[PDB]
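First comes the structure, then the notes that go with it.
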Amino acid sequence: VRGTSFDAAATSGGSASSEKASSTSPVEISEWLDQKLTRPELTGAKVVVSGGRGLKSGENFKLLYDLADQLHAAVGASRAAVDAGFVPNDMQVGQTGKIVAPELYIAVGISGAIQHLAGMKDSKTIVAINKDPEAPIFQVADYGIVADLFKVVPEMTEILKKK
Amino acid sequence: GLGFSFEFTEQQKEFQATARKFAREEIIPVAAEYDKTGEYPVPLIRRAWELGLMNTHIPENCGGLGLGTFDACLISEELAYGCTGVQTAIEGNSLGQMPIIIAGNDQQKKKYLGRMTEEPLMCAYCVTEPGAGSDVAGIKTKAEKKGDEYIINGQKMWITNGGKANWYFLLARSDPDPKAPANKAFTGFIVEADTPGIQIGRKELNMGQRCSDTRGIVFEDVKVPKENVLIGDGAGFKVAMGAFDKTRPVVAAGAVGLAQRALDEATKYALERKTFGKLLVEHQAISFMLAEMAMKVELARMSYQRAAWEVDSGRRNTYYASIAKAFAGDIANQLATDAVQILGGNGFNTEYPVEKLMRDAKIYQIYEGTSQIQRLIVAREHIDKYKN
Ligand SMILES: Cc1cc2nc3c(=O)[nH]c(=O)nc-3n(C[C@H](O)[C@H](O)[C@H](O)COP(=O)(O)OP(=O)(O)OC[C@H]3O[C@@H](n4cnc5c(N)ncnc54)[C@H](O)[C@@H]3O)c2cc1C
Ligand SMILES: Cc1cc2nc3c(=O)[nH]c(=O)nc-3n(C[C@H](O)[C@H](O)[C@H](O)COP(=O)(O)OP(=O)(O)OC[C@H]3O[C@@H](n4cnc5c(N)ncnc54)[C@H](O)[C@@H]3O)c2cc1C
Ligand SMILES: Cc1cc2nc3c(=O)[nH]c(=O)nc-3n(C[C@H](O)[C@H](O)[C@H](O)COP(=O)(O)OP(=O)(O)OC[C@H]3O[C@@H](n4cnc5c(N)ncnc54)[C@H](O)[C@@H]3O)c2cc1C
């Protein structure tokens with residue numbers, strides 16, 4: 001069952017009897033040995049966050065990291081966020097930058113010019129937080145809100161500290 | 001009146017010789033360096049200003065010469081022959097100026113046209129956006145009236161002289177209702193480049209006219225005084241529309257200048273390069289090519305002349321300017337590639353003049369309205385003669 005095709009039923013709510021399960025004989029043709037668990041590189045990833053010119057500075061991108069550790073996620077940007085001094089060049093998603101298409105793409109303060117849509121309209125799922133309502137980015141985003149990003153984003157990093 | 005004439009006014013023969021001498025003694029010698037480097041040709045622009053080959057539409061009472069569209073076409077053909085990158089940078093000024101000329105008040109014209117009279121300042125036409133060029137009516141740059149000002153929010157694309165300009169003519173969306181028509185939705189502003197909020201983008205790298213600067217410009221909370229709106233709120237789309245009557249022919253003259261350069265090059269060379277015992281021009285196929293190329297140029301020339309004559313006569317010339325920009329642009333490309341062709345391997349080579357003319361020319365079928373757009377206009381104009 002695809003997880004995000006259904007809703008998590010209430011963790012509390014009903015109460016349920018618990019019986020001992022029936023037994024098996026150890027088979028021992030396989031044995032577990034070891035493990036190793038894990039902010040990705042941008043292109044290989046499955047969860048990308050990106051900020052446009054609407055963040056206004058590079059020290060302002062802390063809010064996008066804040067969240068791209070909650071989504072153990074990658075951090076890209078538009079060419080207009082790069083150009084304004086905010087971030088270096090190896091992160092620019094788009095036509096002149098790294099073509100990406102992971103599971104989850106967040107566009108934060110991105111107007112959504114055809115040149116930036118060309119670097120990511122193939123992301124499986126696309127998020128759009130942008131205060132202007134007639135902002136090209138909405139067409140291509142499965143999901144989005146007509147809202148200030150400094151209120152909506154630090155509010156999202158606080159709905160995934162717990163869940 | 002009298003019948004037809006295809007004879008220049010003496011005065012226009014004088015304008016012609018000045019532009020030519022400039023184009024030929026000053027541009028030609030240096031266009032391939034400025035093309036190789038993308039360096040903005042500041043000396044040549046200052047020298048063309050010096051010589052009064054620039055800002056020529058400005059009316060006399062703002063310190064200009066108040067020349068016509070025919071006069072302006074002569075001069076461009078001449079500059080364009082030398083270099084289209086240079087001539088485009090000169091020309092941009094007229095495009096920026098034109099809505100202020102055709103639609104500005106006395107304070108607006110005197111102030112903003114007038115300053116162009118006393119220093120070689122540049123101005124730019126700020127319309128095209130990442131998402132809309134052909135479909136002007138698709139632009140979304142916001143203007144909200146807040147006080148006795150407007151606040152401009154938007155991004156602009158492919159702005160010639162965009163990072164060299166004292167001020168801009170800017171077209172913006174005044175009416176939030178998306179159902180609002182183009183005749184109501186847009187307002188045109190005069191905006192000074194040095195306003196806080198305005199961020200000039202990087203120099204954009206194109207195939208052609210490389211010395212011309214063309215740039216993205218972003219407006220972030222840009223404060224625009226009520227007195228810099230053109231006719232009023234909602235007149236923007238008519239005002240931008242109207243600039244074209246006076247400007248299409250001149251870009252058509254540009255395409256013709258480059259066309260003529262291509263021809264002259266390819267002819268010179270076909271009078272010295274021989275193959276199979278004879279000169280190129282004695283091979284019939286080459287000769288036919290030069291012939292068709294000469295037709296094409298003569299016909300383009302008349303076409304833009306005709307457009308320009310129409311508007312100087314106080315007629316609206318939409319139909320004729322559109323034929324000019326369609327025909328001139330299509331044949332400038334045709335002539336450029338032929339010129340290469342005729343120079344064989346040398347023509348493809350960078351130490352010969354022609355490959356550039358080929359890289360330069362393609363833009364003529366794109367900007368100041370695509371080849372396709374021009375046909376839609378011509379079609380619409382043509383067909384209306386038959387609706388009764
Ligand atoms: C040849 C060429 C290639 C290009 N290649 C690329 C490419 O590779 N990648 C790329 O990104 N661009 C590229 N561009 C540029 C592209 O056309 C646009 O400049 C770019 O997509 C816009 O960047 P942006 O969305 O970050 O900035 P803007 O378009 O200015 O977007 C800012 C947005 O932020 C919003 N905003 C502002 N404040 C807030 C707030 N606090 N809360 C919520 N929203 C807010 C605004 O409403 C606006 O919509 C290219 C351009 C050219 C000419
Ligand atoms: C070098 C350069 C300098 C420029 N300088 C300026 C300037 O300073 N000021 C300014 O405002 N703009 C400037 N521009 C923008 C330029 O005017 C536009 O690119 C042009 O007007 C149309 O461009 P577009 O890219 O939006 O074409 P698109 O709208 O993307 O059209 C692409 C293609 O589709 C065709 N097409 C579109 N719609 C139709 C339709 N309805 N029917 C049939 N065919 C259609 C077009 O013919 C074209 O071939 C400049 C552009 C360049 C390349
Ligand atoms: C990128 C490049 C790579 C090349 N690589 C090689 C290679 O590896 N090996 C090699 O040997 N060569 C190579 N060449 C040379 C190329 O093969 C020749 O340029 C080509 O054969 C044309 O010859 P030309 O340049 O001397 O032009 P010309 O022979 O001077 O022809 C000039 C023009 O007149 C036309 N013309 C000539 N004669 C006639 C005629 N009889 N009737 C009608 N028209 C005529 C031609 O079509 C052309 O348009 C290369 C060239 C280039 C540009």
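In the structure tokens, the first chain shown is A, the next is B, and so on; residue numbers restart at 1 for each chain, and ligands run from 1 in the order shown.
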
Would you name the residues within 7 Å of ligand 2, counting only C-alpha atoms and all ligand atoms, and put them as a PyMOL selection string?
chain B and resi 92+124-128+131-135+157-162+206+214+363+366-373

With only C-alpha atoms considered, list every residue of chain A at most 9 Å from chain B, as a PyMOL selection string.
chain A and resi 80+83-84+113-115+134-136

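Between CA of residue 83 in chain B and CA of residue 279 in chain B there is a distance of 28.8 Å.
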
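Counting only C-alpha atoms and comparing B:52, B:43, B:208, B:181, the residue that lies closest to residue 355 in chain B is B:208.
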
Find the residues around residue 331 in chain B up to 10 Å (only C-alpha atoms counted), leave out those fewer than 2 positions away in its own chain, and share them as a VMD selection string.
chain B and resid 255 to 256 259 293 296 to 297 299 to 300 325 to 329 333 to 337 361 364 to 365

Writer output for current selection, C-alpha atoms, as a PDB file, in the first residue's frame:
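The resulting file, result_36.pdb, is reproduced below:
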```pdb
ATOM      1  CA  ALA B 255      18.023  44.489 -42.078  1.00  0.00           C
ATOM      2  CA  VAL B 256      18.523  46.130 -45.523  1.00  0.00           C
ATOM      3  CA  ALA B 259      21.653  42.754 -46.641  1.00  0.00           C
ATOM      4  CA  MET B 293      20.231  38.942 -54.142  1.00  0.00           C
ATOM      5  CA  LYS B 296      15.833  41.112 -53.049  1.00  0.00           C
ATOM      6  CA  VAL B 297      17.646  44.217 -51.746  1.00  0.00           C
ATOM      7  CA  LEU B 299      12.669  45.444 -53.333  1.00  0.00           C
ATOM      8  CA  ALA B 300      13.282  45.505 -49.563  1.00  0.00           C
ATOM      9  CA  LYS B 325       9.776  44.069 -41.598  1.00  0.00           C
ATOM     10  CA  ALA B 326       8.624  40.722 -42.980  1.00  0.00           C
ATOM     11  CA  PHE B 327      10.278  41.050 -46.348  1.00  0.00           C
ATOM     12  CA  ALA B 328      13.489  42.866 -45.193  1.00  0.00           C
ATOM     13  CA  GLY B 329      14.124  40.375 -42.399  1.00  0.00           C
ATOM     14  CA  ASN B 333      18.942  36.116 -43.754  1.00  0.00           C
ATOM     15  CA  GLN B 334      18.787  34.867 -47.318  1.00  0.00           C
ATOM     16  CA  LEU B 335      21.513  37.238 -48.505  1.00  0.00           C
ATOM     17  CA  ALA B 336      23.737  36.540 -45.525  1.00  0.00           C
ATOM     18  CA  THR B 337      23.839  32.788 -46.022  1.00  0.00           C
ATOM     19  CA  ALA B 361      20.721  38.691 -39.392  1.00  0.00           C
ATOM     20  CA  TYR B 364      15.550  40.385 -37.735  1.00  0.00           C
ATOM     21  CA  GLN B 365      13.014  37.583 -37.991  1.00  0.00           C
TER      22      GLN B 365
END
```

Using only C-alpha atoms and all ligand atoms, find each residue of chain A with at least one atom at most 8 Å away from an atom of ligand 1; report its shortest atom-to-atom pair and that distance in Å (one decimal), sort the rows by chain and rising residue number, and return the result as JSON lines.
```
{"residue": "A:51", "atom": "CA", "partner": "ligand 1", "partner_atom_place_in_ligand_line": "26 (O)", "distance": 6.6}
{"residue": "A:52", "atom": "CA", "partner": "ligand 1", "partner_atom_place_in_ligand_line": "26 (O)", "distance": 3.0}
{"residue": "A:53", "atom": "CA", "partner": "ligand 1", "partner_atom_place_in_ligand_line": "26 (O)", "distance": 4.1}
{"residue": "A:54", "atom": "CA", "partner": "ligand 1", "partner_atom_place_in_ligand_line": "37 (C)", "distance": 3.3}
{"residue": "A:55", "atom": "CA", "partner": "ligand 1", "partner_atom_place_in_ligand_line": "41 (N)", "distance": 5.9}
{"residue": "A:56", "atom": "CA", "partner": "ligand 1", "partner_atom_place_in_ligand_line": "38 (N)", "distance": 7.4}
{"residue": "A:77", "atom": "CA", "partner": "ligand 1", "partner_atom_place_in_ligand_line": "11 (O)", "distance": 6.7}
{"residue": "A:78", "atom": "CA", "partner": "ligand 1", "partner_atom_place_in_ligand_line": "11 (O)", "distance": 3.2}
{"residue": "A:79", "atom": "CA", "partner": "ligand 1", "partner_atom_place_in_ligand_line": "11 (O)", "distance": 3.8}
{"residue": "A:80", "atom": "CA", "partner": "ligand 1", "partner_atom_place_in_ligand_line": "23 (O)", "distance": 4.3}
{"residue": "A:81", "atom": "CA", "partner": "ligand 1", "partner_atom_place_in_ligand_line": "26 (O)", "distance": 5.2}
{"residue": "A:92", "atom": "CA", "partner": "ligand 1", "partner_atom_place_in_ligand_line": "9 (N)", "distance": 5.9}
{"residue": "A:93", "atom": "CA", "partner": "ligand 1", "partner_atom_place_in_ligand_line": "9 (N)", "distance": 5.2}
{"residue": "A:94", "atom": "CA", "partner": "ligand 1", "partner_atom_place_in_ligand_line": "8 (O)", "distance": 3.3}
{"residue": "A:95", "atom": "CA", "partner": "ligand 1", "partner_atom_place_in_ligand_line": "8 (O)", "distance": 3.6}
{"residue": "A:96", "atom": "CA", "partner": "ligand 1", "partner_atom_place_in_ligand_line": "8 (O)", "distance": 3.6}
{"residue": "A:97", "atom": "CA", "partner": "ligand 1", "partner_atom_place_in_ligand_line": "8 (O)", "distance": 4.4}
{"residue": "A:98", "atom": "CA", "partner": "ligand 1", "partner_atom_place_in_ligand_line": "8 (O)", "distance": 7.5}
{"residue": "A:108", "atom": "CA", "partner": "ligand 1", "partner_atom_place_in_ligand_line": "44 (N)", "distance": 6.7}
{"residue": "A:109", "atom": "CA", "partner": "ligand 1", "partner_atom_place_in_ligand_line": "34 (O)", "distance": 3.5}
{"residue": "A:110", "atom": "CA", "partner": "ligand 1", "partner_atom_place_in_ligand_line": "25 (O)", "distance": 3.4}
{"residue": "A:111", "atom": "CA", "partner": "ligand 1", "partner_atom_place_in_ligand_line": "49 (O)", "distance": 3.4}
{"residue": "A:112", "atom": "CA", "partner": "ligand 1", "partner_atom_place_in_ligand_line": "25 (O)", "distance": 5.3}
{"residue": "A:113", "atom": "CA", "partner": "ligand 1", "partner_atom_place_in_ligand_line": "21 (O)", "distance": 4.2}
{"residue": "A:114", "atom": "CA", "partner": "ligand 1", "partner_atom_place_in_ligand_line": "17 (O)", "distance": 6.6}
{"residue": "A:115", "atom": "CA", "partner": "ligand 1", "partner_atom_place_in_ligand_line": "6 (C)", "distance": 4.7}
{"residue": "A:116", "atom": "CA", "partner": "ligand 1", "partner_atom_place_in_ligand_line": "10 (C)", "distance": 4.1}
{"residue": "A:117", "atom": "CA", "partner": "ligand 1", "partner_atom_place_in_ligand_line": "21 (O)", "distance": 7.6}
{"residue": "A:118", "atom": "CA", "partner": "ligand 1", "partner_atom_place_in_ligand_line": "7 (C)", "distance": 7.8}
{"residue": "A:119", "atom": "CA", "partner": "ligand 1", "partner_atom_place_in_ligand_line": "8 (O)", "distance": 6.5}
{"residue": "A:129", "atom": "CA", "partner": "ligand 1", "partner_atom_place_in_ligand_line": "43 (C)", "distance": 5.8}
{"residue": "A:130", "atom": "CA", "partner": "ligand 1", "partner_atom_place_in_ligand_line": "44 (N)", "distance": 3.5}
{"residue": "A:131", "atom": "CA", "partner": "ligand 1", "partner_atom_place_in_ligand_line": "43 (C)", "distance": 4.1}
{"residue": "A:132", "atom": "CA", "partner": "ligand 1", "partner_atom_place_in_ligand_line": "47 (O)", "distance": 4.2}
{"residue": "A:133", "atom": "CA", "partner": "ligand 1", "partner_atom_place_in_ligand_line": "47 (O)", "distance": 7.8}
{"residue": "A:135", "atom": "CA", "partner": "ligand 1", "partner_atom_place_in_ligand_line": "49 (O)", "distance": 5.3}
{"residue": "A:136", "atom": "CA", "partner": "ligand 1", "partner_atom_place_in_ligand_line": "49 (O)", "distance": 7.7}
{"residue": "A:137", "atom": "CA", "partner": "ligand 1", "partner_atom_place_in_ligand_line": "49 (O)", "distance": 7.9}
{"residue": "A:146", "atom": "CA", "partner": "ligand 1", "partner_atom_place_in_ligand_line": "43 (C)", "distance": 7.5}
{"residue": "A:147", "atom": "CA", "partner": "ligand 1", "partner_atom_place_in_ligand_line": "43 (C)", "distance": 5.6}
{"residue": "A:148", "atom": "CA", "partner": "ligand 1", "partner_atom_place_in_ligand_line": "42 (N)", "distance": 3.5}
{"residue": "A:149", "atom": "CA", "partner": "ligand 1", "partner_atom_place_in_ligand_line": "42 (N)", "distance": 4.0}
{"residue": "A:150", "atom": "CA", "partner": "ligand 1", "partner_atom_place_in_ligand_line": "41 (N)", "distance": 6.0}
```

Please write the residues from the selection above to a file, keeping N, CA and C atoms, as a compact mmCIF listing (two decimals), in the first residue's frame.
```txt
# COMPACT_ATOMS: atom_id res chain seq x y z
N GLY A 51 14.94 28.27 -3.37
CA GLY A 51 14.48 29.63 -3.12
C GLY A 51 14.75 30.54 -4.30
N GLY A 52 13.80 31.42 -4.60
CA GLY A 52 13.97 32.38 -5.68
C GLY A 52 14.55 33.70 -5.20
N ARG A 53 14.20 34.77 -5.90
CA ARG A 53 14.61 36.10 -5.50
C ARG A 53 13.80 36.60 -4.27
N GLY A 54 12.62 36.02 -4.02
CA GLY A 54 11.74 36.43 -2.91
C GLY A 54 12.26 36.27 -1.48
N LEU A 55 13.34 35.52 -1.30
CA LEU A 55 14.00 35.39 0.01
C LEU A 55 14.82 36.63 0.39
N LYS A 56 15.42 37.26 -0.61
CA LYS A 56 16.03 38.62 -0.50
C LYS A 56 17.50 38.66 -0.09
N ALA A 77 18.34 26.63 -6.02
CA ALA A 77 17.82 27.99 -6.20
C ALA A 77 17.63 28.30 -7.67
N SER A 78 17.01 29.45 -7.95
CA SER A 78 16.87 29.97 -9.30
C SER A 78 18.16 30.64 -9.70
N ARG A 79 18.21 31.08 -10.95
CA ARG A 79 19.33 31.86 -11.46
C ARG A 79 19.30 33.30 -10.92
N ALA A 80 18.12 33.76 -10.51
CA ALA A 80 17.95 35.11 -9.97
C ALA A 80 18.35 35.21 -8.49
N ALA A 81 18.23 34.10 -7.77
CA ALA A 81 18.80 33.98 -6.41
C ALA A 81 20.34 33.84 -6.45
N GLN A 92 21.94 26.39 -8.74
CA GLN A 92 20.96 26.86 -9.71
C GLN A 92 20.29 25.69 -10.41
N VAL A 93 19.00 25.51 -10.17
CA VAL A 93 18.17 24.62 -10.98
C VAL A 93 17.70 25.43 -12.17
N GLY A 94 17.51 24.77 -13.31
CA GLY A 94 16.97 25.43 -14.49
C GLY A 94 17.65 25.07 -15.80
N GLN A 95 17.55 25.98 -16.76
CA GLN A 95 17.98 25.73 -18.13
C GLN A 95 19.48 25.86 -18.28
N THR A 96 20.07 26.86 -17.62
CA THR A 96 21.54 27.01 -17.58
C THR A 96 22.15 26.29 -16.39
N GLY A 97 21.32 25.74 -15.51
CA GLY A 97 21.79 25.03 -14.33
C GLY A 97 21.38 23.57 -14.29
N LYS A 98 21.62 22.93 -13.14
CA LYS A 98 21.34 21.49 -12.93
C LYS A 98 19.87 21.08 -13.16
N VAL A 108 10.33 28.21 -3.55
CA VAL A 108 10.07 29.22 -2.53
C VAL A 108 10.42 30.61 -3.11
N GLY A 109 9.41 31.47 -3.30
CA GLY A 109 9.62 32.81 -3.85
C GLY A 109 10.13 32.78 -5.29
N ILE A 110 9.63 31.82 -6.06
CA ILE A 110 10.01 31.63 -7.46
C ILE A 110 8.82 31.95 -8.38
N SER A 111 8.98 33.00 -9.18
CA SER A 111 7.96 33.42 -10.12
C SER A 111 7.60 32.31 -11.11
N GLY A 112 8.61 31.51 -11.50
CA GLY A 112 8.39 30.33 -12.36
C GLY A 112 8.52 30.63 -13.85
N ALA A 113 9.64 31.23 -14.23
CA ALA A 113 9.89 31.55 -15.63
C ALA A 113 10.14 30.25 -16.40
N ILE A 114 9.72 30.22 -17.67
CA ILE A 114 9.88 29.04 -18.54
C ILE A 114 11.28 28.42 -18.45
N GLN A 115 12.29 29.28 -18.23
CA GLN A 115 13.70 28.86 -18.14
C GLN A 115 14.02 28.09 -16.85
N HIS A 116 13.24 28.31 -15.80
CA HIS A 116 13.39 27.60 -14.53
C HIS A 116 12.52 26.34 -14.48
N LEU A 117 11.34 26.42 -15.09
CA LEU A 117 10.46 25.27 -15.32
C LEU A 117 11.12 24.21 -16.18
N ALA A 118 11.94 24.62 -17.15
CA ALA A 118 12.72 23.68 -17.96
C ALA A 118 13.75 22.83 -17.16
N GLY A 119 14.22 23.35 -16.02
CA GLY A 119 15.15 22.59 -15.17
C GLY A 119 14.50 21.63 -14.18
N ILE A 129 5.09 28.22 -2.89
CA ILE A 129 4.80 29.30 -1.92
C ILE A 129 5.28 30.67 -2.44
N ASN A 130 4.32 31.49 -2.88
CA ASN A 130 4.62 32.73 -3.59
C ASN A 130 3.46 33.73 -3.41
N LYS A 131 3.76 34.91 -2.88
CA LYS A 131 2.72 35.85 -2.46
C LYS A 131 1.89 36.41 -3.62
N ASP A 132 2.51 36.73 -4.75
CA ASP A 132 1.75 37.08 -5.97
C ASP A 132 0.89 35.88 -6.45
N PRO A 133 -0.45 36.07 -6.59
CA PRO A 133 -1.36 34.99 -7.07
C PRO A 133 -1.31 34.64 -8.58
N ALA A 135 1.38 34.26 -10.48
CA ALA A 135 2.79 33.92 -10.61
C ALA A 135 2.94 32.62 -11.40
N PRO A 136 3.48 32.72 -12.63
CA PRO A 136 3.64 31.57 -13.52
C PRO A 136 3.86 30.21 -12.85
N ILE A 137 4.45 30.18 -11.65
CA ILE A 137 4.84 28.91 -11.01
C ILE A 137 3.66 28.00 -10.63
N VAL A 146 -0.86 31.27 -1.81
CA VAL A 146 -0.63 32.69 -2.14
C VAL A 146 -0.25 33.43 -0.84
N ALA A 147 1.00 33.27 -0.37
CA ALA A 147 1.41 33.67 1.00
C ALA A 147 2.89 34.04 1.20
N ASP A 148 3.13 34.99 2.12
CA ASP A 148 4.47 35.38 2.59
C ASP A 148 5.24 34.11 3.01
N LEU A 149 6.49 33.99 2.58
CA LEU A 149 7.27 32.76 2.75
C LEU A 149 7.93 32.74 4.13
N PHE A 150 8.15 33.92 4.70
CA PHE A 150 8.78 34.04 6.01
C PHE A 150 7.83 33.65 7.14
```

Mind listing the residues within 10 Å of ligand 3, only C-alpha atoms and all ligand atoms counted, as an mmCIF file with N, CA and C atoms, in the first residue's frame?
```
data_model
loop_
_atom_site.group_PDB
_atom_site.id
_atom_site.type_symbol
_atom_site.label_atom_id
_atom_site.label_comp_id
_atom_site.auth_asym_id
_atom_site.auth_seq_id
_atom_site.Cartn_x
_atom_site.Cartn_y
_atom_site.Cartn_z
ATOM 1 N N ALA B 266 29.987 39.728 -51.144
ATOM 2 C CA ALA B 266 29.955 38.585 -52.005
ATOM 3 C C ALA B 266 30.228 38.940 -53.472
ATOM 4 N N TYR B 269 34.143 39.632 -53.945
ATOM 5 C CA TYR B 269 34.898 38.406 -53.883
ATOM 6 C C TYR B 269 34.701 37.568 -55.152
ATOM 7 N N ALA B 270 33.519 37.670 -55.745
ATOM 8 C CA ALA B 270 33.221 36.884 -56.914
ATOM 9 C C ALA B 270 33.825 37.555 -58.146
ATOM 10 N N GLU B 272 37.161 38.504 -57.784
ATOM 11 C CA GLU B 272 38.552 38.074 -57.708
ATOM 12 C C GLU B 272 38.785 36.556 -57.585
ATOM 13 N N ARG B 273 37.934 35.830 -56.870
ATOM 14 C CA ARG B 273 38.104 34.360 -56.765
ATOM 15 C C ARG B 273 37.695 33.634 -58.048
ATOM 16 N N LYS B 274 38.617 32.847 -58.597
ATOM 17 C CA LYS B 274 38.334 32.005 -59.737
ATOM 18 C C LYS B 274 38.398 30.500 -59.416
ATOM 19 N N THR B 275 37.622 29.754 -60.185
ATOM 20 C CA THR B 275 37.564 28.313 -60.107
ATOM 21 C C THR B 275 37.377 27.821 -61.536
ATOM 22 N N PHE B 276 37.864 26.642 -61.848
ATOM 23 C CA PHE B 276 37.702 26.085 -63.201
ATOM 24 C C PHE B 276 38.080 27.007 -64.329
ATOM 25 N N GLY B 277 39.031 27.908 -64.110
ATOM 26 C CA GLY B 277 39.565 28.727 -65.189
ATOM 27 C C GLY B 277 38.988 30.113 -65.365
ATOM 28 N N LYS B 278 37.820 30.336 -64.758
ATOM 29 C CA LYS B 278 37.006 31.545 -64.921
ATOM 30 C C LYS B 278 36.843 32.158 -63.560
ATOM 31 N N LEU B 279 36.408 33.405 -63.526
ATOM 32 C CA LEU B 279 36.034 34.060 -62.267
ATOM 33 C C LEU B 279 34.675 33.560 -61.789
ATOM 34 N N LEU B 280 34.377 33.705 -60.503
ATOM 35 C CA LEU B 280 33.089 33.222 -59.985
ATOM 36 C C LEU B 280 31.909 33.794 -60.761
ATOM 37 N N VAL B 281 32.013 35.045 -61.152
ATOM 38 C CA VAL B 281 30.875 35.668 -61.760
ATOM 39 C C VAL B 281 30.556 35.148 -63.148
ATOM 40 N N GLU B 282 31.493 34.419 -63.756
ATOM 41 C CA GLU B 282 31.274 33.830 -65.086
ATOM 42 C C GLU B 282 30.591 32.482 -65.017
ATOM 43 N N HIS B 283 30.538 31.895 -63.825
ATOM 44 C CA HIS B 283 29.701 30.728 -63.591
ATOM 45 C C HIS B 283 28.263 31.196 -63.382
ATOM 46 N N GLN B 284 27.372 30.680 -64.203
ATOM 47 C CA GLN B 284 26.046 31.248 -64.324
ATOM 48 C C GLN B 284 25.289 31.212 -63.022
ATOM 49 N N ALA B 285 25.480 30.136 -62.265
ATOM 50 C CA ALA B 285 24.696 29.888 -61.059
ATOM 51 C C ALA B 285 24.989 30.940 -60.005
ATOM 52 N N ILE B 286 26.272 31.225 -59.825
ATOM 53 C CA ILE B 286 26.739 32.339 -58.986
ATOM 54 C C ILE B 286 26.139 33.695 -59.427
ATOM 55 N N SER B 287 26.206 33.965 -60.723
ATOM 56 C CA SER B 287 25.673 35.196 -61.289
ATOM 57 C C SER B 287 24.180 35.390 -61.008
ATOM 58 N N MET B 289 22.660 34.183 -58.563
ATOM 59 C CA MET B 289 22.504 34.276 -57.124
ATOM 60 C C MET B 289 22.663 35.756 -56.759
ATOM 61 N N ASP B 338 23.850 33.259 -48.435
ATOM 62 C CA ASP B 338 24.394 33.230 -49.778
ATOM 63 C C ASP B 338 25.795 33.827 -49.867
ATOM 64 N N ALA B 339 26.000 34.927 -49.141
ATOM 65 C CA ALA B 339 27.275 35.620 -49.106
ATOM 66 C C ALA B 339 28.347 34.689 -48.558
ATOM 67 N N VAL B 340 28.023 34.028 -47.444
ATOM 68 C CA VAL B 340 28.897 32.980 -46.916
ATOM 69 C C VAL B 340 29.171 32.008 -48.055
ATOM 70 N N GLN B 341 28.087 31.452 -48.590
ATOM 71 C CA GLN B 341 28.171 30.385 -49.577
ATOM 72 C C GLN B 341 29.120 30.761 -50.698
ATOM 73 N N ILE B 342 28.925 31.957 -51.229
ATOM 74 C CA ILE B 342 29.703 32.369 -52.365
ATOM 75 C C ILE B 342 31.187 32.443 -51.985
ATOM 76 N N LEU B 343 31.501 32.880 -50.755
ATOM 77 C CA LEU B 343 32.911 32.866 -50.312
ATOM 78 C C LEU B 343 33.421 31.460 -49.963
ATOM 79 N N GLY B 344 32.667 30.406 -50.287
ATOM 80 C CA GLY B 344 33.028 29.033 -49.915
ATOM 81 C C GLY B 344 33.561 28.866 -48.496
ATOM 82 N N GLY B 345 34.713 28.229 -48.373
ATOM 83 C CA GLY B 345 35.292 27.942 -47.079
ATOM 84 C C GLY B 345 35.692 29.202 -46.339
ATOM 85 N N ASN B 346 36.344 30.130 -47.032
ATOM 86 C CA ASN B 346 36.635 31.434 -46.444
ATOM 87 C C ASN B 346 35.396 32.119 -45.756
ATOM 88 N N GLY B 347 34.222 32.019 -46.391
ATOM 89 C CA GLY B 347 32.999 32.643 -45.883
ATOM 90 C C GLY B 347 32.610 32.124 -44.506
ATOM 91 N N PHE B 348 32.858 30.836 -44.267
ATOM 92 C CA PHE B 348 32.613 30.205 -42.965
ATOM 93 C C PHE B 348 33.669 30.591 -41.938
ATOM 94 N N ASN B 349 34.696 31.273 -42.401
ATOM 95 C CA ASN B 349 35.820 31.588 -41.560
ATOM 96 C C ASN B 349 35.687 33.000 -40.999
#
```

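Shortest atom-to-atom contact with residue 308 in chain B among B:84, B:61, B:94, B:247: B:247, counting only C-alpha atoms.
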
Could you give me the residues within range 6-127 of chain A that DSSP places in strand (DSSP E or B), as a VMD selection string?
chain A and resid 47 to 51 74 to 77 92 to 93 98 104 to 108 125 to 127

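Neighbours of residue 114 in chain B closer than or equal to 12 Å, with only C-alpha atoms counted and sequence neighbours fewer than 4 positions away skipped, come out as residues 55, 57, 58, 59, 60, 61, 62, 63, 64, 65, 97, 100, 101, 106, 107, 108, 109, 110, 118, 119, 120 and 121 of chain B.
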